[PDB]
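Below: the structure, in structure tokens.
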Amino acid sequence: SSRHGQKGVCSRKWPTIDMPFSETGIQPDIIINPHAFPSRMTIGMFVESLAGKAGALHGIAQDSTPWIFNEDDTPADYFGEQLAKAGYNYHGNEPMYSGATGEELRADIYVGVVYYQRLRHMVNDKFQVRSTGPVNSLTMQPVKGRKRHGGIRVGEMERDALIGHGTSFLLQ
Amino acid sequence: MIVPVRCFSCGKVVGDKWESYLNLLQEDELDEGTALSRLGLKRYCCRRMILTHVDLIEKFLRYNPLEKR
Amino acid sequence: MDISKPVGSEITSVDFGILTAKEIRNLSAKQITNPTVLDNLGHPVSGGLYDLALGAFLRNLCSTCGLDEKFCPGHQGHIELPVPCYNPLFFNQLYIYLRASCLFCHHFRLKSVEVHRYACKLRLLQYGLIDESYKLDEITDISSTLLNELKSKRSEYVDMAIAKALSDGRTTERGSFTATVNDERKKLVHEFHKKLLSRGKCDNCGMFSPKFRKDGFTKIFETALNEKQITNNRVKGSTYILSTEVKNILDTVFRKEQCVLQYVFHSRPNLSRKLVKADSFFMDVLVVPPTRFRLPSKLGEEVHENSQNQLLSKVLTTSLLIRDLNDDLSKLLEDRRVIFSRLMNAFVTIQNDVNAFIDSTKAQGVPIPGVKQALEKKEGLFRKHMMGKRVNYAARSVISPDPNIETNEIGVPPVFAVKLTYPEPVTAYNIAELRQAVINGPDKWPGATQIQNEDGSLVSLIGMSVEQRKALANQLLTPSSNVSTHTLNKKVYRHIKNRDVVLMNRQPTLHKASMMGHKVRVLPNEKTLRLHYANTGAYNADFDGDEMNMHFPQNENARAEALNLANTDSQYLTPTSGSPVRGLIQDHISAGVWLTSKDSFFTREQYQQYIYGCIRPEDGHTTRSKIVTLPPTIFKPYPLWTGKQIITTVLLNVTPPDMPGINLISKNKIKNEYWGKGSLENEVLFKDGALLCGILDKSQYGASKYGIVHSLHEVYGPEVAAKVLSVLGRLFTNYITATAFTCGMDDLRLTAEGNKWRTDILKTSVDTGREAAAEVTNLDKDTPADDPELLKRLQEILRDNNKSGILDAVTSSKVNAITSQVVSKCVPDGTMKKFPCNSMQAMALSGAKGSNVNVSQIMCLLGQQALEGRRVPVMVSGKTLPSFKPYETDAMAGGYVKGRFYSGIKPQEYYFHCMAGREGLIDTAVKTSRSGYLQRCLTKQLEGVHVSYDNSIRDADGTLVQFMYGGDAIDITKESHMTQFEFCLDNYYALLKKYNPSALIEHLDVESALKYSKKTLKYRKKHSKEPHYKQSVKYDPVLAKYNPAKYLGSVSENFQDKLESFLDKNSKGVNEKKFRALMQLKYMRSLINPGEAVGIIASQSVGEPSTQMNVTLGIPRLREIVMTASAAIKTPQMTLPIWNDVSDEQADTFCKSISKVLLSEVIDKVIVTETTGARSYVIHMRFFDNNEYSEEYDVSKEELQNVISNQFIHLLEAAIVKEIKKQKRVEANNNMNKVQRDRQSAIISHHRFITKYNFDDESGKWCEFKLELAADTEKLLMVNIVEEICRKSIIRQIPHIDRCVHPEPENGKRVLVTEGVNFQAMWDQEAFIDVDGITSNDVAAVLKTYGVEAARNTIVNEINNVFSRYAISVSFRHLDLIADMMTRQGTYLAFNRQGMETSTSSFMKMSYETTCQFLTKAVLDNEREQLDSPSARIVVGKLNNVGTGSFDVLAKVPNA
Amino acid sequence: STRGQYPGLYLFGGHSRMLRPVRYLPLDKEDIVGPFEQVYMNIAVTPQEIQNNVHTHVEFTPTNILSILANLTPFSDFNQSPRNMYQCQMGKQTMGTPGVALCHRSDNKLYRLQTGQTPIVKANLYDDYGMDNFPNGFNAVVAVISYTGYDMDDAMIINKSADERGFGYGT
Amino acid sequence: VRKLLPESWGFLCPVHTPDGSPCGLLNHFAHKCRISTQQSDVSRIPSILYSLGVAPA
DNA sequence: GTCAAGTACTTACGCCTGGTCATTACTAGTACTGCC
DNA sequence: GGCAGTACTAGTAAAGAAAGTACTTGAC
RNA sequence: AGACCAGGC
Ligand SMILES: Nc1nc2c(ncn2[C@@H]2O[C@H](COP(=O)(O)CP(=O)(O)OP(=O)(O)O)[C@@H](O)[C@H]2O)c(=O)[nH]1
Ligand SMILES: [Mg+2]
Ligand SMILES: [Zn+2]
Ligand SMILES: [Zn+2]
Ligand SMILES: [Zn+2]
């Protein structure tokens, strides 16, 4: 997760030679989708990308306690001129190539260093399987519980979905 | 906890630059941007390692069960 | 289950009977007698609850069958209750027959000829003679000779009507028991029991019986006879009573009336001819369960005995105390009274223990649960372990998204591929690959974990080396040495391969597409499931930590259903509306905008790279065994292709050859003005499979109707459209990984001109909050904000809740018109980076992710922060917040925030936006739980209704709901392109291949249905100008006469009248008659199949869109209609059609004559005047001026005098006498004229304590009347009295109508809505109202005045516009069945436990709620059920009668 | 007032009150006020919004209205409000560092991230509560890009060679 | 009871509140919202209210 | 016979993963010890 | 040396802020 | 197998 509400599980550990690479030589260690932003409207993560990157170039920490910016002095104007004094652009974009084809991409890629968080919801605390195992004593049905090698429940709201498809041997 | 060998985004060796960084901030009164440039950390992925390292192992090491206190 | 172990016997039915005491002394293994469970040294004591004769207990052999723990089934035992006690399931009915019966002649207290009247009406209701029971009632102080002649002819009519109906093929000798004869039997027994309980004297011998009293359970009392009517029991020439005496009475009553109670306790004819006895209601023997079912729990040393052993010990403890109380009576006043008063207390405690064992809520003394409460609710037995169960062979893990998967497959981990296993029996075609699997072992995919031998034995491969495991690989295909097991072969439990089937499942399973059958593909690396992006909107599955289930089916009947029937490729269209749920979502939609642009040009190496990256012929996506390409768009200077021409040859390779290309003319979400001037990129164009114009968008691929994937689904098939979603899913992923897509901070900026446009509009908002405040406060204009009259009335607005609503709706109406001016001006025209480069706009316009209101709040302004209808709430002080002064008229101070998410919102803007954000997080919580119980009430009633082979949908027990599904029997998932005649004409030669007209004539009747469809089309054009009541139709449509699934041309009448309307207009080598012959073949193949679980689909199509959610509205409206079926509707209305003759001035002076006028609405103030010392009162009620209320309410001066004369005081005189009862624990002269002195004298005469009365006869302004009281009375308030009487007195009122409003004319017609229902009184106003067009809202009142079919029409429209308000389209086939199921009895029944009592399936009613109330009603009726309902075939483990199990399979064997 | 709260002067000085500092404008100093007291007075959120003769107090800072976790989400006035509310739930469910006395603890389940970092982008309240003592995350080069196809709906990917080097590693 | 009322300005945090079942009910203080934990000096206030013009009860 | 408020028994999204603490008084008895 | 007082012991007994129908007792 | 508490979607 970020510090803005942008959670999400990991899909693949994508190898370095298959990742995009900039002109400065770096490669990102997190890819996040731009389609997570418009419905969520987290522009604090966009401006953390300008603030985080422009602080990494100068060796400074910019504060981010809220309402230190007005509508006159936008932080996109503030952290853009810090990136423009270092050689990077005012908008926080970098010209990146592809890792697979190696070609120049169309537009410059919006990058930066934001602060992520690792949540405690790993797969290993989830993730149960059962072929056979222990059963309950009076129903002779599988046991509730992941850590007792038990089964998942097919309740009433899943029973009638098997009715609704007309599949009568999946229900049995 | 302790300084990361071999920074995460490119692979430049970074773990040999923590004690040189605290030297170049305390004795030689440099700011944090000049000291990262004197150590050869140019890319901003390499810069945010030594700049933002907490060095929390110095707080762990004060609990030594193998010594009287 | 083992398919190699059959079963020949099947349960056909069950029936609920009372378990008698003689059986359970023969049934019993061993009677248990002492209340010690297990003695010292851990053994079970012989004679106690844990016993070896009741089953094998804890590593010890049984004493009945001699088996161990794993094989002993457990055995029935009992205890001997020494006295007969009350069974708590039957006590409410035992107390009916203990009452209502004579204690002297031991009949009931009715006359014996009227008890016989119910004895032979209930006999006619056992058989299928619902109509002959009323002809029986048409047969008619009185001598007892003609009563025998009356009982003779009634008994001969039954024996003739039963003989005639059983001879005329109607009723079996087992009787007929449908649903509507369960109604007439429950109505008749409830009438019989109600009339038994209301009798003074016994009408056989005329003397009284003492009335019994039940205060609570466990006891019965009889009361002493009165001191007056003991004389009746001397001219015929309190007490606790024993349960042996209650039984002694009813052992005589049920014998003297055996000929009647045989029919009360039987729904069907008693072929056993058993007696009904009073021992049914008592229980002289408790049955202890088998000791297998009451084993103790164990947590280390913490071993506790079971709750039933705690309850059965206390019965045995009392059952020995009651025998030790018989020691002194066996030896034998003071030696007799103390031993009898302690014996009678043992009678109550053994009853209180036999209640508490059966029912915990009938106990007294947090209580120990009984045997009723192991069954009742969720966490019961019917709902926790019968309708839902824990299953074997099933996994659950977090999902991660995955391209490169073929859209019907799931990606399983290696560690799920090892554990889950499938029984393959070895054959001649398995020992190549199933010998290799058993060599690989339990831990090498693809492997095997076990081998099942022929004997039922089972050899595990886990603790085995490879040399031991290759030897068993040579053991598989061997001939059996046992003759008894010679046709059985070995089963190898192999791992899950890539050819198996998987049933995926994400909770909540709101509809059936949330539980689909996917194919498998194993993956090498990690421990998570992998789901393709076309499935992410059907399960409503995102990837922020969703985990979803994976059920692995275990035989070939189930593999053939999740590949063909519950398949994920068959679930493209949902049956709710007929709209697709499957499609590409976020990155693929943003990539087809760039790929199908005019700028996208590809060279020869690029063009051929994108094709093989998506087609890949060796995996079987092409149809030509060679990838064909197109000539390039440009030939000089160097050849370039186009992204139009990418998808042209992508679609040219996945299509089947010798079938022409697709023809589509559709549009998309991006306008022409975003691409410049003269652009045509809004319309898309496919001509012979070639994209020639138009961007591809969400509207084309994605869950949207009539795109290109929806059109590929129709012309070519579902296997093509599921393959196109794979190939386009890889064409756009490979395009993105070489040509990417970003949104940045660059995309959010306006220009320096657009920021100037933004701030200049928002400077007009500084006066908006004051203009809206000055308007509502009824100042004119231009008044300052610090005006003391403005601040005075704003304080008056705040203290009222309704005045604050019309201030929060006028300011919100004005500031949202300032929001609409910035979004119209500053985007897209004022944005710095523009389309297509503006990726914030590019994915909001394309429907990838985002909205136009999302880019508004980012780039322009965030808007009015609306709370639940209103604005931001205000404190008591008139401050909305501590920052703002009290009652200031600023838009910013009330929630309109001007800051945007780009540049920030202020701290008071931030706090208003947090109030609205918490509102959304509570509505996401509290309003997803109310629609969950809507669908459960719906699915339980509609679980068994389904299409029969008559194309006539009906319930599981056989009762008929509708004669045809929707009136036309066509499937919602097949009728999308049915009336798209311009699409089907352009694709004629390609749709003719998939229906194949020439090969489908022999099994049809083409000749006959077309002729009768012309006899009716010619009749209805000739007739049918008259309205519907005149139409004696003389001809049904061809659906009601001919089978539409067999007769070609047997179509609906809207399909015929729209085809003959289409094909008449336009005249386009296909002629006119080959197009109408292919639509009638397209119609017939789009019929609904018999066996479709329609009512589940109809109830999922209402419960699942209900989660998307001056009259009641929404999910509270669906509870009023569907769930409760309330006749006490919350806000009833009535729509009145205004004639064209009466104008708008004659209509709104008309609604002042219907809407009620209270006396409170005409009074300015009431000034009482009390002088005491005779308590006097001077009630002086001051009205408004006569010119003020005779205009406003049309109340004359003289009519207001008659309300005070005849209506106000008669309610005021009552309220003064009511309180004296309940406390015992300037103007004119007096010589005015002769009529007012006698008007006064009539008021004094007809009322109780008036001494003076005078109305303002000349001006109608006042009414003063003196009102004296006695001096004995204490003080009454007499203003709170008068105010409560003035609000109940009516000047003028049409009954049950309180208001009549003339709204604006919605959709052309002129509408007059009231606020109450009275159809009778609106029939008098023919001169103003169309009486034959009066629709309404009260579904129960249209049933009372207009009938059943009018209420069925009313309920469809009211369940329609609860979904039409939210723009939710649910089709009229799901709304039709819910209508016809709720009115199936000619009444208005709910989907609850009160409306389902008239139903044949006992386990359906027991599974829903109140389990042991439907249980008692089944065992009292001795109710046999045929196991028809889906809830009754899961309790007993039968295949369903819906879908696949709606028929049998027979095998043709060649030899005789 | 006309039909408002019942008037009177109510003085409170007992236990268990709710109290916040606020700056009082005549003779500029600190004032401590309560919720029953605040509903009838006019504080301002910044001294550039003081209006004459109506405002008695101003706040020392606008950020003394937010909690501990709420001040630490950076640039919070740019986010939609549920995504600030989701962060306060998810900021306290991280694999962070619980303490440094783990050798002397005996807790039954504990989550320790190995190498935490201080952020480039942080509030000024971050270094005031001493949250450098407890680093709950790490700076990451984040590219907002549709490149992969594997992170579309809500998911994300990591560089593979990043956590071969210890990126986001914990026990 | 779950609503974000404006009287909580500076006392309860508007944003730091969980989702779902504890939404609106469980909520956190502002970080400067101190809670009084001792009875304060009160006994000299009626002596200096009678001098300001208060008629005694 | 009957209206009539009053009293009573019913439901109140799906399933998923963790953790905790879950009999107490007393009463009679056998044994320990201080004592003469 | 053996008697009786306590202190224990293991032993077996008691543990207040929601919707609807349906039955029914109240007076008359 | 319950109670209460903390979460997940
Ligand atoms: N039946 C339930 N489903 C839930 C519950 N919580 C989450 N969900 C499911 O998980 C999904 C979570 O969606 P959200 O609650 O986060 C609404 P949100 O605005 O965050 O959507 P996005 O912004 O598009 O992520 C949603 O589709 C629900 O179907 C719950 O308590 N009950
Ligand atoms: Mg989710
Ligand atoms: Zn680096
Ligand atoms: Zn046995
Ligand atoms: Zn009698």
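We label chains A, B, ... in the order they appear in the structure tokens, count residues from 1 in each chain, and number ligands from 1 in the order shown.
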Inset, instruction - List every residue of region 674-752 of chain C that DSSP, applied to the backbone, labels as helix (DSSP H, G or I), and write the result as a ChimeraX atom specification. - result: /C:674,708-715,718-736,746-748,752
Could you save those same residues with N, CA, C and O atoms as a compact mmCIF listing (two decimals), in the first residue's frame?
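Below is the file that was written, again.txt:
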```txt
# COMPACT_ATOMS: atom_id res chain seq x y z
N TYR C 674 -13.66 15.58 -30.39
CA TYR C 674 -12.38 15.35 -29.75
C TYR C 674 -11.28 15.00 -30.74
O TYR C 674 -10.10 15.09 -30.40
N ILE C 708 -18.80 -4.91 -30.98
CA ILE C 708 -18.28 -5.90 -31.92
C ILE C 708 -18.15 -7.28 -31.27
O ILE C 708 -18.37 -8.30 -31.94
N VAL C 709 -17.86 -7.35 -29.97
CA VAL C 709 -17.79 -8.64 -29.30
C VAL C 709 -19.19 -9.19 -29.07
O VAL C 709 -19.42 -10.40 -29.16
N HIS C 710 -20.16 -8.31 -28.82
CA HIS C 710 -21.55 -8.73 -28.73
C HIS C 710 -22.09 -9.17 -30.08
O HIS C 710 -22.96 -10.04 -30.14
N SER C 711 -21.58 -8.60 -31.17
CA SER C 711 -22.00 -9.00 -32.51
C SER C 711 -21.28 -10.25 -32.99
O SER C 711 -21.86 -11.04 -33.73
N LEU C 712 -20.02 -10.44 -32.59
CA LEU C 712 -19.33 -11.70 -32.83
C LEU C 712 -19.94 -12.84 -32.03
O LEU C 712 -19.84 -14.00 -32.43
N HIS C 713 -20.57 -12.52 -30.89
CA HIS C 713 -21.26 -13.53 -30.10
C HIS C 713 -22.51 -14.03 -30.81
O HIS C 713 -22.92 -15.18 -30.60
N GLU C 714 -23.12 -13.21 -31.65
CA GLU C 714 -24.38 -13.55 -32.29
C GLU C 714 -24.20 -14.27 -33.62
O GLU C 714 -24.81 -15.32 -33.85
N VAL C 715 -23.36 -13.72 -34.49
CA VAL C 715 -23.24 -14.24 -35.85
C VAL C 715 -22.43 -15.53 -35.86
O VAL C 715 -22.81 -16.51 -36.53
N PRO C 718 -20.71 -18.33 -29.32
CA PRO C 718 -20.05 -18.01 -28.04
C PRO C 718 -18.62 -18.50 -27.95
O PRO C 718 -17.85 -17.95 -27.15
N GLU C 719 -18.24 -19.52 -28.73
CA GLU C 719 -16.86 -19.99 -28.70
C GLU C 719 -15.94 -19.03 -29.44
O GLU C 719 -14.74 -18.95 -29.13
N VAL C 720 -16.47 -18.28 -30.40
CA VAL C 720 -15.68 -17.29 -31.11
C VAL C 720 -15.49 -16.04 -30.25
O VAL C 720 -14.37 -15.54 -30.11
N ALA C 721 -16.57 -15.55 -29.64
CA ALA C 721 -16.50 -14.33 -28.84
C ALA C 721 -15.69 -14.51 -27.57
O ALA C 721 -15.11 -13.54 -27.06
N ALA C 722 -15.63 -15.72 -27.04
CA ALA C 722 -14.73 -16.01 -25.94
C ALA C 722 -13.29 -16.14 -26.40
O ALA C 722 -12.37 -15.99 -25.59
N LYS C 723 -13.08 -16.44 -27.68
CA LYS C 723 -11.73 -16.51 -28.24
C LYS C 723 -11.25 -15.13 -28.68
O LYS C 723 -10.05 -14.85 -28.59
N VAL C 724 -12.16 -14.26 -29.12
CA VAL C 724 -11.80 -12.90 -29.50
C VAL C 724 -11.37 -12.10 -28.28
O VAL C 724 -10.41 -11.32 -28.33
N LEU C 725 -12.05 -12.30 -27.14
CA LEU C 725 -11.63 -11.66 -25.89
C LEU C 725 -10.26 -12.14 -25.41
O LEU C 725 -9.60 -11.42 -24.67
N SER C 726 -9.84 -13.34 -25.80
CA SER C 726 -8.48 -13.80 -25.52
C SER C 726 -7.48 -13.13 -26.44
O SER C 726 -6.43 -12.67 -26.00
N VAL C 727 -7.79 -13.10 -27.74
CA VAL C 727 -6.83 -12.63 -28.73
C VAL C 727 -6.67 -11.12 -28.66
O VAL C 727 -5.55 -10.60 -28.73
N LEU C 728 -7.78 -10.39 -28.47
CA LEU C 728 -7.69 -8.95 -28.23
C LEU C 728 -7.09 -8.64 -26.86
O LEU C 728 -6.47 -7.58 -26.69
N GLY C 729 -7.27 -9.53 -25.89
CA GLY C 729 -6.62 -9.34 -24.60
C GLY C 729 -5.11 -9.49 -24.67
O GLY C 729 -4.40 -8.94 -23.83
N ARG C 730 -4.61 -10.25 -25.64
CA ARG C 730 -3.18 -10.38 -25.87
C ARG C 730 -2.66 -9.40 -26.91
O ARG C 730 -1.47 -9.07 -26.89
N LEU C 731 -3.52 -8.94 -27.83
CA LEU C 731 -3.11 -7.95 -28.82
C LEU C 731 -2.87 -6.60 -28.16
O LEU C 731 -1.96 -5.87 -28.57
N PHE C 732 -3.65 -6.27 -27.15
CA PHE C 732 -3.52 -4.99 -26.45
C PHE C 732 -2.50 -5.05 -25.33
O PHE C 732 -1.90 -4.02 -25.01
N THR C 733 -2.28 -6.22 -24.74
CA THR C 733 -1.23 -6.37 -23.74
C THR C 733 0.14 -6.28 -24.39
O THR C 733 1.05 -5.62 -23.86
N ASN C 734 0.31 -6.92 -25.54
CA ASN C 734 1.56 -6.84 -26.28
C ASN C 734 1.76 -5.47 -26.92
O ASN C 734 2.90 -5.07 -27.16
N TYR C 735 0.67 -4.74 -27.20
CA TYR C 735 0.80 -3.37 -27.67
C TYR C 735 1.18 -2.43 -26.54
O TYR C 735 1.89 -1.44 -26.76
N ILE C 736 0.74 -2.72 -25.32
CA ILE C 736 1.05 -1.87 -24.18
C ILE C 736 2.50 -2.07 -23.73
O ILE C 736 3.19 -1.10 -23.40
N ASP C 746 1.12 16.12 -15.22
CA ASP C 746 1.01 16.89 -16.45
C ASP C 746 -0.42 16.91 -16.97
O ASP C 746 -0.85 17.89 -17.59
N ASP C 747 -1.17 15.85 -16.71
CA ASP C 747 -2.50 15.65 -17.25
C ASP C 747 -3.59 16.38 -16.47
O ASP C 747 -4.74 16.36 -16.90
N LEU C 748 -3.25 17.02 -15.35
CA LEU C 748 -4.26 17.58 -14.47
C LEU C 748 -4.34 19.09 -14.53
O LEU C 748 -5.20 19.69 -13.87
N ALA C 752 -3.41 28.85 -18.39
CA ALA C 752 -3.52 30.13 -17.71
C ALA C 752 -4.80 30.85 -18.09
O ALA C 752 -5.27 31.71 -17.33
```
Legend entry - Shell of 6 Å around ligand 4 (only C-alpha atoms (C1' of nucleotides) and all ligand atoms), written as a VMD selection string: chain C and resid 55 to 56 62 64 to 67 72 74
Inset, instruction - Within 9 Å of ligand 3, which residues show up when you count only C-alpha atoms (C1' of nucleotides) and all ligand atoms? List them as a PyMOL selection string, please. - result: (chain A and resi 25-27) or (chain B and resi 6-14+41-49)
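Selected on chain C by distance to chain G: residues 92, 194, 365, 366, 367, 368, 1116, 1119, 1120, 1123, 1124, 1125, 1126, 1127, 1128, 1390, 1392, 1393, 1394 and 1395 of chain C (within 12 Å, counting only C-alpha atoms (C1' of nucleotides)).
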Output file for the selection above: C-alpha atoms, as a CSV table (one decimal), in the first residue's frame:
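This is the output file out_15.csv:
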```csv
chain,number,residue,atom,x,y,z
C,92,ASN,CA,-51.2,-25.8,21.9
C,194,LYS,CA,-62.5,-21.5,16.3
C,365,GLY,CA,-35.5,-21.6,36.7
C,366,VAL,CA,-28.5,-18.9,29.9
C,367,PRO,CA,-30.7,-22.1,29.9
C,368,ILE,CA,-29.4,-25.3,28.4
C,1116,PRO,CA,-37.9,0.0,1.3
C,1119,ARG,CA,-40.1,-4.8,1.1
C,1120,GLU,CA,-43.6,-3.3,1.0
C,1123,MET,CA,-41.7,-9.3,1.2
C,1124,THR,CA,-44.5,-8.0,3.4
C,1125,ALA,CA,-47.3,-7.5,0.7
C,1126,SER,CA,-48.7,-4.7,2.9
C,1127,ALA,CA,-52.3,-3.5,2.7
C,1128,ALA,CA,-51.2,-0.9,5.2
C,1390,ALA,CA,-46.3,-12.2,0.4
C,1392,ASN,CA,-42.7,-14.7,3.8
C,1393,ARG,CA,-43.7,-17.5,6.3
C,1394,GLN,CA,-47.3,-16.3,6.4
C,1395,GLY,CA,-47.7,-16.4,2.6
```
Could the residues of chain F that have an atom at most 12 Å from chain D be listed as a tab-separated table, each with its closest atom pair and the distance in Å to one decimal, counting only C-alpha atoms (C1' of nucleotides) and ordered by chain and ascending residue number?
```
residue	atom	partner	partner_atom	distance
F:18	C1'	D:109	CA	10.1
F:19	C1'	D:108	CA	9.4
F:20	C1'	D:108	CA	11.9
```
Inset, instruction - Give the residues of chain C that lie within 9 Å of chain H; count only C-alpha atoms (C1' of nucleotides), and format the answer as a ChimeraX atom specification. - result: /C:297,507,544-547
Inset, instruction - Excluding residue 113 (chain D) and residues on its chain fewer than 5 positions from it, collect all residues at most 7 Å away from it, counting only C-alpha atoms (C1' of nucleotides), and give them as number ranges by chain. - result: D: 95-97, 169-171
Inset, instruction - Can you tell me which residues come within 12 Å of ligand 2 when counting only C-alpha atoms (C1' of nucleotides) and all ligand atoms, ideally as a VMD selection string? - result: (chain A and resid 6 to 9) or (chain C and resid 398 to 400 506 to 507 536 to 537 539 to 548) or (chain D and resid 153 to 155) or (chain H and resid 8 to 9)
Inset, instruction - Using only C-alpha atoms (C1' of nucleotides) and all ligand atoms, find each residue with an atom at most 9 Å away from ligand 5 and format the answer as a VMD selection string. - result: chain C and resid 101 to 110 201 to 209
Inset, instruction - With a distance threshold of 12 Å and counting only C-alpha atoms (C1' of nucleotides), extract the residues of chain F near chain A and express them as a PyMOL selection string. - result: chain F and resi 13-18
Inset, instruction - Pick out each residue of region 964-1200 of chain C that DSSP on the backbone tags as strand (DSSP E or B); I need them as a PyMOL selection string. - result: chain C and resi 970+1005+1047+1087+1134-1138+1157-1158+1163-1167+1172+1175+1178-1183
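Excluding residue 61 (chain B) itself and any same-chain residue fewer than 2 positions from it, the protein and nucleic acid residues within 12 Å of it, counting only C-alpha atoms (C1' of nucleotides), are residues 1, 2, 55, 56, 57, 58, 59, 63, 64, 65, 66 and 67 of chain B; 100, 101, 102 and 103 of chain D.
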Inset, instruction - For residue 2 (chain E), work out the shell of residues within 7 Å, counting only C-alpha atoms (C1' of nucleotides) and skipping chain neighbours fewer than 5 positions away, then give it as number ranges by chain. - result: E: 23-25
Please produce a file of the residues just selected, as a PDB file, in the first residue's frame, where the atoms kept are C-alpha atoms.
```
ATOM      1  CA  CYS E  23     -17.875   3.078  11.048  1.00  0.00           C
ATOM      2  CA  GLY E  24     -18.858   6.288  12.809  1.00  0.00           C
ATOM      3  CA  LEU E  25     -18.944   4.755  16.290  1.00  0.00           C
TER       4      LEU E  25
END
```
